[PDB]
Structures are given as C-alpha cells and as structure tokens.
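Worksheet: one structure, shown below.
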Amino acid sequence: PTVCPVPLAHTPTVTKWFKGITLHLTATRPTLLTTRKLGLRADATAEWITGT
Amino acid sequence: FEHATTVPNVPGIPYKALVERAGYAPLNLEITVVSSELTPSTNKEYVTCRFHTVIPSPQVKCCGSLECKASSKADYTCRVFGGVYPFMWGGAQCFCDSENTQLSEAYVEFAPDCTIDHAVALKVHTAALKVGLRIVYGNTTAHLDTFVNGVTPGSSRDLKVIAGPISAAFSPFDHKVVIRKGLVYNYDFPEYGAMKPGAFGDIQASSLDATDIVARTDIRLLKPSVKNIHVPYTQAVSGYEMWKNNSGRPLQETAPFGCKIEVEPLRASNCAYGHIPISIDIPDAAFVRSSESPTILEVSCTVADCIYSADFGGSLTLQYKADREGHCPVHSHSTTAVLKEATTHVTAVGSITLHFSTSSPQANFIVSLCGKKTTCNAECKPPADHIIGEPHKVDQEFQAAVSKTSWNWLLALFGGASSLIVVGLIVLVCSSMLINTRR
Amino acid sequence: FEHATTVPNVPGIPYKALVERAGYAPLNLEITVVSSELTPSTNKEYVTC
C-alpha cells in the first residue's frame, strides 16, 4: 500500500429552492455523485456524470 | 441531587435544561453528544478472493494404467484418459501407441495478491451504542464516555450518569456483511460450505494462511486432443470478480440517519437517531443556595424581530430589577425555543439582550431568569433562506407550530358550529319546557 | 443575504433603505444612481452631404 494522487472535480454551483437544491455540475471525465438523505429512508442515489 | 431528562441523540446539538431544587437556586445543565459509536459483535465466517487454478504437471503411466486418487485440495479434480502418446520436444515420450494413459490433475488455491484484495464475510448481532458526552453544569465541564443501555454508568471523578435505553433500536448493518478493503456492503453471502460456482464465496477459508481451503468452481477436465502434451480444462469465472463488478455502492454511501460507517472494528459513528433518557447525579457541591444567589425582583420581556429557522435568528431583551451583582442563569421553558447564552451577569437594575432560535411561527414561550418566569409573546416570520448548512436545533411539534392567526380562525370556525349545536339543543329544551308549562 | 428594492431611476437623489436580518442588527443601505446611459442598437444605412 501507498498514497496515490487523484483529481478534485470543479466545485458544483448550488442553487437553492423551497425544499430542494439544484447542483450545476461540470466534469470533463466521468465523476461519481452520491447523495443520500439523513432520515429513516436513505434514498441513496449514485450516478457517473460527464460533461456539464 | 439526581435529575432525569431525555437528550436527543443528534451529535453537536446542545440540549439545555434547568434543575430547580426547592431549597437551592435553579442551576443550568447543557449536554452535548460529542461522538457516538454503534458497534456490533461480529464473527468471521470466511475470506474469499480470486482463486489461482493451479494445475500440477500431468503424469503418464507409459504402458500401464493409472487410477484417480482422493486428495483433499480445494475443488480437487482428477481424471484418467486412455492412450495419448504425447510429444514434448523429442518427437516421442512413450513406447506404446495404445494403453498409454494420462492423469489430468487440477485444483485451486488463493492467488498471491489475495493478502490485500480479499473480502471478509461476517455476521452481526445486537449492537451496543456508546456515546461520548460533554456535559456542563454551572462552572464545571465534564467529558465522559458511556454505554447507552440504562445499566452501565459513566463517571467523571465526582459525576455519575446512567444513559438510555435508546427509544428505538436501529442498526444500519443487515444480518450478513462483507468487508472489502475497508468498504462495507450488506450482501447475503452463502454460508460456509455452501459454495456455488460463478458467484460470491465460491472459494472459502478460515484465513488467508489456512490450509483447509474448500471451493466449488465447476472445474472439469477434457480429453487431450492435440498431439503435444497439455492438460485442457474449462472452469466457471471467478465469482469474486462477478460480485466486484456488481457489488453496488458501499454502506458508507447508503446508511440512513447520517451514519458514518467505519471498520477495524466494524462500527457506525456519529449516528443521529432517537432519544437517550439520562439520569444524572449532579453533586450538591456545585449547587448554590438562593440566599446567596441574586434573586431578581421584577423582570419583563420585550422581543425584537424573530424568525423560525435552524440558525439563531431571534433576539429579545429582558429588562430586570434585582438586588445584587451576580451570574444568574437564564433559560427557556418551552420545547420549541432555545437560547444561546446560559449564564448572564446580572446587575442591580438594567437590561440584557439575548438570542434564541425557535421552530414555531409565534414565540409564545416562557423565559426564566433566576427562577422568575415571564411569557414572551412575539410573531416570527418565515425564514428568508431555503437551505442551511446547519441542523435544526429544535424539533417541530404540532401544538406550537401554527400561528395564532390560524389558530384564531380555526377556533372561530369550529366554535361557531359548537355554539350553534348548543343553541339548537337549548332551543329544543326551551320549546319542550314551554309546551309542558303551557299545556 | 439578498435584499430586493425598487430604486427610482432619478440621478442625484439617493434612495435609502434598512435591511433587517432577524438575528442581527439592522443595517443602512444608500443606493444612488450616479450616472445612467441608454444606448440604442444602431447601424449606419448611409451618409449624405
């Protein structure tokens, strides 16, 4: 084992709205986005995103 | 003195309470769950990884016969073939064109790189929740790690506390768990000995170095057709790789209640759920009798602009008249409002400005200053923002969650019907009585 | 903190408002239209003399 360098994606732009957010995301290469709620139901979602 | 309360298991959110001993002056008590650790008890059933299908060099009984022995290797497979007459490099290996049998032998072992890239299969049992608590009373703060079961007491050198049980037990881990390079998955792996080829746990062992490896990889040997010596075989793909491709996201990205999964040992830290009943024996030494504490004479509340949000978006002022200079404790006596400051310097006569956060549309709550209670009446507007990076510090109830305008309209609309049916009953009774009297 | 106002478009006359965040003291906001130019979309058709 050792330490490998990995890239950091462009920081997303978050736009708020009543009980909701909109992440404008830019990633030249497939970047993983994983979201989950903090309640009884995780409602976990995972997606590999490309482009903008 | 012993006091009982119910602290909400949400890390980082202080919970404030007032202990009002009759003889003594009231005292503050703020409790924070600095960290929690929901850890189960686990036993390792086996480890699995890529198998190395090792093939021993074939043997030929040159002009005789061979019989398949019974070894105890992992997924051992031995077959015997008839006359082969094999070639290696010199154009011949034997002297009998027939009755020249060959023994094809094959089995599996652990791959050399399995010491890092291997998965461990575990079963979980009832999990015990441990909490680190920072608790402050008056002047004294105390850090203590305790078990939330209602029996095991935590202690800090004068302070005894018992915590729990949790109102509703919960475990993010299913019965069967798999750990791979720190990642945790809830996979219903096959039991030890129930190997199935082409799926997870097709090769199993108690440890990487254990020699009693058992596997079922569906390896089968075929008749050698080519003239040159070689042992053919076909085998199902490694089920470890199949699960690795179709593993899915780990439990670090799927556990609910914001539960941070961790390994070595398996645990779930900073997990926010439920309420912890805590009974605490606060020592009487820290308590200060009312005869020496400044008991304020006359205090009133004037509330500035307020808003119901997670952040401290409310302000108010307490105009007080007291008899001495001291360190009076201020508190809120409602479940839908929490102050920022705990102990405030009180003078002979003056004012103190304080902050508060509420969940109700209307601030209709009693504030207490050195025991003296005053009802603050306000009207908090909806928050301007939509999202915050901070948790809501107070639960939203049903009773104190609707404005007094809505309450007045609803009560008027319902009391109209109630008074109308009452008036109808009264009218019927009066008519009957008038009929009876004038009959 | 986003504050929305309707400033009258009158150069040289300041418009004053008070922003009142709930948990924080009010602040003063003076907006003055120092200059304002309205420029149309233009394209020369021709010249003459």
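By convention here, the chains of the structure tokens are called A, B, ... in the order presented, each chain's residues are numbered starting at 1, and ligands are numbered starting at 1 in the order presented.
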Check: Counting only C-alpha atoms, which residues from chain C have an atom at most 9 Å from any atom of chain B, and could you show them as number ranges by chain?
Finding: C: 1-2, 20-24
Notebook entry, point to check: What residues in chain B lie within 7 Å of chain A, counting only C-alpha atoms, written as a ChimeraX atom specification?
Noted result: /B:253-258,386-387
Note to self: Which of chain C end up as strand (DSSP E) when DSSP is run on this backbone - answer as a PyMOL selection string?
What the structure shows: chain C and resi 15-19+27-31
Notebook entry, point to check: Any idea what's packed within 6 Å of stretch 196-213 of chain B, counting only C-alpha atoms, ignoring anything in its chain fewer than 4 positions away? Could you give it as JSON, numbers by chain?
Noted result: {"B": [46, 47, 48, 74, 217, 218, 236, 237, 238, 239, 240, 243]}
Export, as an mmCIF file, in the first residue's frame, the selected residues with N, CA and C atoms.
```
data_model
loop_
_atom_site.group_PDB
_atom_site.id
_atom_site.type_symbol
_atom_site.label_atom_id
_atom_site.label_comp_id
_atom_site.auth_asym_id
_atom_site.auth_seq_id
_atom_site.Cartn_x
_atom_site.Cartn_y
_atom_site.Cartn_z
ATOM 1 N N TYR B 46 -15.582 -16.542 6.893
ATOM 2 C CA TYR B 46 -14.537 -16.922 5.954
ATOM 3 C C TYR B 46 -14.033 -15.689 5.216
ATOM 4 N N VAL B 47 -13.017 -15.922 4.385
ATOM 5 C CA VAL B 47 -12.458 -14.928 3.483
ATOM 6 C C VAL B 47 -12.475 -15.514 2.077
ATOM 7 N N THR B 48 -12.616 -14.632 1.091
ATOM 8 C CA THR B 48 -12.698 -15.053 -0.301
ATOM 9 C C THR B 48 -12.011 -14.022 -1.181
ATOM 10 N N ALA B 74 -8.508 -27.966 -2.527
ATOM 11 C CA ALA B 74 -9.714 -27.179 -2.750
ATOM 12 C C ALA B 74 -10.235 -27.429 -4.159
ATOM 13 N N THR B 217 -15.723 -24.571 -7.925
ATOM 14 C CA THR B 217 -15.593 -23.690 -9.080
ATOM 15 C C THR B 217 -16.041 -24.346 -10.381
ATOM 16 N N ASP B 218 -16.631 -25.541 -10.319
ATOM 17 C CA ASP B 218 -17.142 -26.228 -11.504
ATOM 18 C C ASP B 218 -16.036 -26.538 -12.510
ATOM 19 N N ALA B 236 -15.669 -22.267 -14.440
ATOM 20 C CA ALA B 236 -16.527 -21.099 -14.315
ATOM 21 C C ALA B 236 -15.714 -19.892 -13.864
ATOM 22 N N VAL B 237 -16.156 -18.704 -14.287
ATOM 23 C CA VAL B 237 -15.420 -17.492 -13.953
ATOM 24 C C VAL B 237 -15.410 -17.301 -12.438
ATOM 25 N N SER B 238 -14.450 -16.509 -11.970
ATOM 26 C CA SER B 238 -14.336 -16.241 -10.543
ATOM 27 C C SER B 238 -15.542 -15.438 -10.076
ATOM 28 N N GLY B 239 -16.290 -15.997 -9.123
ATOM 29 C CA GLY B 239 -17.441 -15.291 -8.593
ATOM 30 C C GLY B 239 -17.063 -14.051 -7.812
ATOM 31 N N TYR B 240 -15.839 -14.011 -7.280
ATOM 32 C CA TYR B 240 -15.370 -12.815 -6.590
ATOM 33 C C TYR B 240 -15.354 -11.620 -7.534
ATOM 34 N N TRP B 243 -18.988 -10.511 -8.301
ATOM 35 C CA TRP B 243 -19.539 -9.654 -7.258
ATOM 36 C C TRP B 243 -18.866 -8.287 -7.259
#
```
Notebook entry, point to check: Hey, what's within 6 Å of residue A:23 if we count only C-alpha atoms and toss same-chain stuff fewer than 2 positions away? As a PyMOL selection string, please?
Noted result: chain A and resi 12-14+25
Just to be explicit: take each residue in the selection above, keep N, CA and C atoms, and write the result as a CSV table (one decimal), in the first residue's frame.
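Okay, selection20.csv is ready:
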```
chain,number,residue,atom,x,y,z
A,12,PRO,N,-19.3,22.2,-7.5
A,12,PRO,CA,-20.6,22.5,-8.2
A,12,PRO,C,-21.2,23.8,-7.7
A,13,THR,N,-22.1,24.3,-8.5
A,13,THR,CA,-22.8,25.5,-8.2
A,13,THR,C,-24.2,25.1,-7.7
A,14,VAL,N,-24.5,25.4,-6.4
A,14,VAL,CA,-25.7,25.0,-5.8
A,14,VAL,C,-26.7,26.2,-5.8
A,25,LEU,N,-23.3,21.0,-12.4
A,25,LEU,CA,-22.0,20.2,-12.3
A,25,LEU,C,-21.3,20.2,-13.6
```
